[PDB]
Amino acid sequence: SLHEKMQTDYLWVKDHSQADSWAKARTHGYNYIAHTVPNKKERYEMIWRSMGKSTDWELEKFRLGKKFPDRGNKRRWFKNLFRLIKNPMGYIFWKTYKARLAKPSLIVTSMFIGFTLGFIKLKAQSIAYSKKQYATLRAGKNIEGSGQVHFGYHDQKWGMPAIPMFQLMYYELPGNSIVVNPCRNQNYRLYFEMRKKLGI
Amino acid sequence: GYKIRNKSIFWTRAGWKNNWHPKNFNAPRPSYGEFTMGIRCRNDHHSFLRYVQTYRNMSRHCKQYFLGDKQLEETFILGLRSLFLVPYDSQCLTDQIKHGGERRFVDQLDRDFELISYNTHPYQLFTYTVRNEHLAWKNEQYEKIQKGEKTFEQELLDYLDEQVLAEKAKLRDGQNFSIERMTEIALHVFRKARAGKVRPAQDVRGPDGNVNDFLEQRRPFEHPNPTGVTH
Amino acid sequence: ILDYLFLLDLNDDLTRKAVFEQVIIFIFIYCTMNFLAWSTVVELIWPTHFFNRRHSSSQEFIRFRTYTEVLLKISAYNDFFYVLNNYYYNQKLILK
Amino acid sequence: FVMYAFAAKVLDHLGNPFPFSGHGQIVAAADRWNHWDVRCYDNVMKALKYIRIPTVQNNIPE
Amino acid sequence: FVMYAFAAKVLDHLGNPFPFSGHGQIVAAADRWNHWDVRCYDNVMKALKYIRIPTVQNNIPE
Ligand SMILES: CCCCCCCCCCCCCCCCCC(=O)OC[C@H](COP(=O)([O-])OCC(O)COP(=O)([O-])OC[C@@H](COC(=O)CCCCCCCCCCCCCCCCC)OC(=O)CCCCCCCCCCCCCCCCC)OC(=O)CCCCCCCCCCCCCCCCC
Ligand SMILES: CCCCCCCCCCCCCCCCCC(=O)OC[C@H](COP(=O)([O-])OCC(O)COP(=O)([O-])OC[C@@H](COC(=O)CCCCCCCCCCCCCCCCC)OC(=O)CCCCCCCCCCCCCCCCC)OC(=O)CCCCCCCCCCCCCCCCC
Ligand SMILES: CCCCCCCCCCCCCCCCCC(=O)OC[C@H](COP(=O)([O-])OCC(O)COP(=O)([O-])OC[C@@H](COC(=O)CCCCCCCCCCCCCCCCC)OC(=O)CCCCCCCCCCCCCCCCC)OC(=O)CCCCCCCCCCCCCCCCC
Ligand SMILES: CCCCCCCCCCCCCCCCCC(=O)OC[C@H](COP(=O)([O-])OCC(O)COP(=O)([O-])OC[C@@H](COC(=O)CCCCCCCCCCCCCCCCC)OC(=O)CCCCCCCCCCCCCCCCC)OC(=O)CCCCCCCCCCCCCCCCC
């Protein structure tokens with residue numbers, strides 16, 4: 001249509017290399033070989049057929065000639081990284097489409113999300129404990145080793161088991177609930193009395 | 001082709017293909033006057049006249065935005081009747097519906113008219129779009145006829161008339177020019193004309209098994225860097 | 001000016017209840033949960049509709065025309081349909 | 001390439017490109033209004049200013 | 001089932017079935033010849049006999 005060529009170029013990226021323009025450098029498929037596919041031996045036969053047609057089945061010409069790498073695969077890891085940064089969710093969606101055709105149950109998906117978010121939650125608390133140790137270090141207590149899994153004669157606290165039993169009895173300390181005492185607002189009585197004395 | 005092989009596909013607990021009175025535990029039971037003290041029921045005998053008034057409302061409120069287009073009004077009437085004739089012709093026994101089929105359809109049509117009174121019903125917005133696309137094409141033909149030019153439709157009609165003369169002038173053994181032969185003459189011209197236009201690819205796969213999209217560019221790599229704009 | 005506007009205060013809410021700051025968290029979560037659930041129910045009526053309108057017809061029953069099919073046939077025909085109709089009419093009804 | 005150069009300009013201040021990993025580093029001017037609204041708190045002064053020296057009896061001061 | 005029952009008899013002494021993990025546990029009789037050939041070493045006696053009490057100055061004895 002009218003705006004097709006403009007929009008298609010604007011939506012997706014094309015390949016800018018002309019690696020295959022050079023005839024003799026074109027690969028026969030022996031650079032990146034599939035090893036475990038069930039038609040593996042049919043792939044090798046097609047590679048052998050490609051090598052035989054290039055030399056008219058006089059493979060001594062191939063032995064004397066120069067062998068080239070697959071120039072078309074150059075900088076392929078960088079190109080995928082740039083597409084992942086350009087559109088991370090679009091790259092993840094299409095790369096996992098075939099895998100997401102088989103959808104596990106609601107239970108399995110919930111276990112994946114639960115254990116993953118639970119692991120990140122423990123990591124966040126582990127980071128906050130490292131700030132506690134840094135404040136302890138600056139306060140004048142040198143620290144041998146690290147962590148809170150005390151080898152010696154001390155009590156440990158392992159962290160809330162991510163099961164509903166402990167999640168009903170316990171909850172983490174919310175820092176936003178530690179407040180200045182409201183008696184601070186009674187100092188404003190000094191201001192109201194001063195304003196009346198000064199005739200304000 | 002393919003047919004459903006399960007012979008019990010249309011079996012329900014209430015019978016074969018029963019989508020009017022599905023079987024549930026709280027089934028309807030009769031009431032006896034001498035033993036009934038009071039009752040709370042919403043059923044009434046007003047659905048018939050409500051069905052008549054709803055048709056008049058939907059017809060008249062949609063004709064407000066037809067700009068006097070007589071052909072569009074008559075076309076809309078045929079479409080409006082097809083919506084009201086659903087319970088009269090459906091396979092579903094609309095007279096045996098659970099708690100009164102008449103009341104159910106009348107309340108269902110009232111929800112449609114509420115959208116119609118606001119000029120927001122999707123059937124209305126679809127009608128304006130379809131009619132605008134149709135009148136734009138009719139105006140293109142009118143401008144070409146006033147200019148003495150021949151329309152694209154007349155060129156095919158004239159081209160198809162001379163094809164029948166050529167075929168019936170060579171087919172002298174038989175003289176029965178069937179509608180089957182008349183059709184494949186036009187379709188042979190239609191395919192050639194459709195392939196001549198620069199249309200977006202409609203079929204998934206072209207002559208080869210490959211897709212006909214802009215994404216279907218594989219190796220070998222033979223395109224250079226994209227070039228910039230010219231001054 | 002009235003004291004009813006005092007409810008807009010969140011600086012000193014810790015002096016009265018300090019409950020608003022925690023309840024709205026649940027309300028935002030509850031809105032998110034219903035968004036995922038209700039959007040699934042309403043949007044997922046299309047696979048049934050798309051299938052039934054294309055596979056539910058049978059040759060031993062009459063398929064009746066809907067509203068959209070009346071408008072598309074009468075007011076949305078293409079050029080080839082117009083030609084084929086007049087081509088049939090001119091040849092068989094007029095020219096025999 | 002352009003975005004890589006622009007990210008280089010930002011990362012001189014941000015430091016760590018990964019989220020939830022670190023903090024940016026900005027050297028600011030020293031004036032009398034630094035920490036003006038927390039001068040009342042004593043523990044903020046000790047945490048910012050003092051680096052205490054651990055003794056042989058390795059403990060936080062009593 | 002028979003080998004599992006026989007493994008149960010051994011694991012009452014071996015304890016950990018995995019290799020390079022722990023040691024078996026055997027209670028032996030106390031006689032005058034226990035550790036008879038290492039009585040000369042002093043550090044062996046301190047490691048076996050004494051469970052020292054850590055003090056506030058948490059260090060090994062000088
Ligand atoms: C006397 C005064 C002056 C003294 C000067 C002294 C120095 C001498 C200067 C010249 C030195 C080199 C000599 C010439 C070499 C020419 C060789 C050649 O022909 O090209 C081969 C090579 C071929 O590449 P290719 O065939 O096109 O594609 C690569 C493959 O296809 C593969 O592509 P791929 O997509 O599959 O990706 C895989 C790839 C790379 O994929 C990777 O995984 C690497 C990732 C690196 C980036 C990430 C780093 C991690 C930290 C940052 C994190 C990034 C986060 C981004 C994302 C954000 C967070 C999500 O693998 C590679 O490593 C390829 C590198 C080249 C192969 C060499 C052997 C590699 C093994 C060693 C590996 C360890 C080094 C890796 C360095 C990689 C740099 C590219 O091209 C080059 O190497 C180009 C280099 C030439 C640049 C010249 C620049 C000017 C020179 C002067 C600079 C002045 C510097 C001053 C320094 C001062 C002292 C400190
Ligand atoms: C392996 C496991 C561990 C992985 C660890 C994770 C790695 C790090 C991830 C950190 C995530 C942070 C997310 C940032 C915000 C992204 C939000 C967003 O909507 O992104 C869309 C957004 C695209 O939308 P757009 O804004 O319209 O840009 C397209 C325009 O056409 C742009 O125009 P253009 O197309 O012509 O430009 C060429 C294009 C292609 O070129 C390139 O991509 C090459 C450039 C690479 C440069 C090196 C990048 C190093 C990292 C960025 C710089 C450090 C952080 C800066 C601040 C980031 C936070 C905003 O560049 C771009 O696509 C956009 C430029 C990227 C940013 C460059 C400027 C950086 C500074 C931004 C300044 C604004 C904020 C001020 C700082 C705020 C600090 C408070 O993508 C980005 O901008 C970058 C996304 C990077 C995150 C994806 C990383 C990979 C995925 C993570 C792993 C996922 C694992 C989960 C698997 C799950 C399986 C089920
Ligand atoms: C991992 C190996 C060791 C690492 C060495 C590296 C090995 C090289 C290979 C690595 C490369 C691939 C990595 C594995 C990928 C999976 C393989 C694969 O692709 O197969 C296709 C596979 C299709 O499966 P299928 O076998 O063809 O058919 C399955 C049928 O549906 C139904 O099948 P079914 O009825 O027979 O059974 C149901 C269920 C089978 O039941 C299960 O799979 C049980 C899963 C229960 C939850 C497990 C949670 C894992 C723990 C993560 C928590 C953090 C780790 C640290 C904390 C715990 C420490 C242990 O199906 C499956 O899920 C199949 C997956 C089973 C194998 C993969 C399980 C990996 C679990 C990790 C093992 C332990 C790793 C410890 C971490 C080590 C870190 C140092 O793709 C999938 O969809 C399954 C992957 C999981 C997807 C679940 C849904 C996730 C949705 C998330 C939505 C939220 C994301 C939001 C976006 C993010 C922001 C943008
Ligand atoms: C009038 C009749 C009643 C009213 C009918 C109206 C119902 C409307 C239904 C509409 C469906 C909802 C539409 C939207 C959902 C679409 C998204 C979705 O989640 O589909 C999952 C979708 C379908 O899953 P599926 O693999 O096909 O399995 C479907 C069924 O499970 C079937 O597969 P199955 O047969 O293999 O399952 C066997 C089943 C076997 O289960 C059993 O045999 C017995 C189960 C007994 C449960 C025991 C309860 C014990 C309670 C102990 C509590 C202690 C702690 C309490 C602490 C509280 C404070 C003290 O065990 C299960 O695995 C059940 C699955 C988990 C059920 C969770 C909810 C359970 C209660 C349901 C309440 C409704 C009651 C209705 C009354 C029914 C009375 C007859 O799969 C996905 O995961 C993909 C979506 C990704 C979801 C991941 C994140 C989920 C969170 C967001 C979800 C959306 C927002 C929240 C909506 C509600 C979700 C809980």
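Start at 1 and go down the list; that is how both ligands and their atoms are numbered. Just so it is clear: chains get the letters A, B, ... in the order the sequence lines come, proteins before strands, and each one is counted from 1. Values reported hereafter were calculated over all heavy atoms of this structure, with side chains retained and with hydrogens, waters and symmetry mates removed.
The cationic group of A:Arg71 does not satisfy the cation-pi geometry with A:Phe68, failing either the under 6.0 Å distance to the six-membered ring centre or the 45° limit from the ring axis. Annotation: cation-pi geometry not satisfied between A:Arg43 and A:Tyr30 (NZ/CZ under 6.0 angstrom from ring centroid, within 45° of ring axis).
Near ligand 4, residues A:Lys103, A:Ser105, A:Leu106, A:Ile107, C:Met33, C:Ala37, C:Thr40, C:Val41 each place a heavy atom inside the 4.0 Å sphere around the ligand atoms.
With a 4.0 Å heavy-atom cut-off, ligand 2 is reached by no atom of A:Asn87. The part of A:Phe119 lying near ligand 3 is the side chain, judged by heavy-atom distances below 4.0 Å.
An N or O contact shorter than 3.5 Å is missing between D:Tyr4 and ligand 2 by distance. The N/O atoms of A:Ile85, backbone and side chain alike, include one that comes under 3.5 Å of an N/O atom in ligand 2.
Comment: A:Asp70 engages B:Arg219 in a salt bridge, judged by a side-chain N to carboxylate O separation of less than 4.0 angstrom.
Heavy atoms of A:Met89 approach ligand 3 to within less than 4.0 angstrom.
Close approach of ligand 2 to A:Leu84 is summarised as follows: ligand atoms under 4.0 Å from at least one heavy atom of the residue are 90 (C). Against a heavy-atom cut-off of under 4.0 Å, D:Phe18 is close to the following atoms of ligand 2: 7 (C), 8 (C). For ligand 3 and A:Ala102, the ligand atoms under 4.0 Å from any heavy atom of the residue are 28 (O), 31 (O), 83 (O). Close approach of ligand 2 to D:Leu11 is summarised as follows: ligand atoms under 4.0 Å from at least one heavy atom of the residue are 54 (C).
A heavy-atom distance below 4.5 Å is not found between the side chains of B:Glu114 and B:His121. With contacts defined as side-chain heavy-atom distances shorter than 4.5 Å, the pair D:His35/D:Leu48 qualifies.
Between B:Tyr123 and C:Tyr67, the ring planes lie parallel to each other; the angle is under 30°, not in the 30° to 60° tilted range. Relative orientation of the C:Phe51 and C:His55 rings is parallel, given thresholds of 30° and 60° on the angle between their planes.
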Check your understanding: When you look at B:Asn24 and B:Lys98, which way does the side chain to side chain donor-acceptor pair (under 3.5 Å) test go after all the steps?
Key -> CA-CA 10 Å; B:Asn24 66 285; B:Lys98 267 192 166 181; 3.0 Å; yes

Practice item. Could you go through the salt bridge (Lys or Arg N to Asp or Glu O under 4.0 Å) check for C:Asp13 and C:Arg16 one step at a time? Key: CA-CA 6 Å; C:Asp13 195 19; C:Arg16 290 101 61 181; 3.6 Å; yes

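No side-chain N or O of A:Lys14 forms a donor-acceptor pair with one of B:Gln217 less than 3.5 Å apart.
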